[PDB]
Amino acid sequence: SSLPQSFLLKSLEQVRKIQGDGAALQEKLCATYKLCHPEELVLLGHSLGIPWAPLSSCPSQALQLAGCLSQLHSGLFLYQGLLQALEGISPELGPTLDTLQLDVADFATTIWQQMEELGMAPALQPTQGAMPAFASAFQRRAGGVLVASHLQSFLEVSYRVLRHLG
């Protein structure tokens, strides 16, 4: 209710596309490798050490709409980095990961353009970051399960946030 329809309608459709891409990934990981349960990969997740992206309530404000979207953008950035570090997982899964990355990037672009319009502090000079390490094919594959399930949760919440700011 606070953002232009061009942004609202596009941004929701972009989320749904990424959710569908992500579901495809999840389904292929389960069917190919029998990795079907993120909750069975707790000890692996502990070893990987990944800081999953937070979201948190924001008012439909003049002076913090941009800050609400900035959290979404910062989470998308974290997820894009995780998707990148997977390096396609396997030749079977590569094209599905490529599609998911492209769709994530398209969404992030839309978010960033809206943050500019709303009035955001400029980004600081960038720096290289660190990545998760997958010590094996199995860790890449199980890491893919974890990344995807947390990305799904971040998307479900993002969709709600966008409807709430709409």
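Start at 1 with the first residue shown and count on from there.
Novice: Using only C-alpha atoms and the B-factors in the entry, which stretch averages higher, 50 to 58 or 93 to 101?
Specialist: In the deposited entry, the stretch with the higher C-alpha B-factor mean is 50 to 58.
Novice: Quick check: 67 to 75 versus 84 to 92, which has the larger average CA B-factor in the record?
Specialist: Per the PDB record, 67 to 75.
Novice: Per the PDB entry, which option out of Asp106, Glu27, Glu116, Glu39 has the greatest Cα B factor?
Specialist: Answer, based on the entry's C-alpha B-factors: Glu116.
Novice: Determine, from the deposited record, the chain-internal third of the Cα B-factor for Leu8: lowest, middle or highest.
Specialist: It falls in the bottom third of the chain.
Novice: Please place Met131 in the lowest, middle or highest third of its chain by C-alpha B factor as given in the entry.
Specialist: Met131: CA B-factor falls in the middle third of its chain.
Novice: Quick check for you: using the entry's CA B-factors within this chain, is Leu35 in the lowest, middle or highest third?
Specialist: Within its chain, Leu35 is a lowest-third residue by C-alpha B-factor, going by the deposited values.
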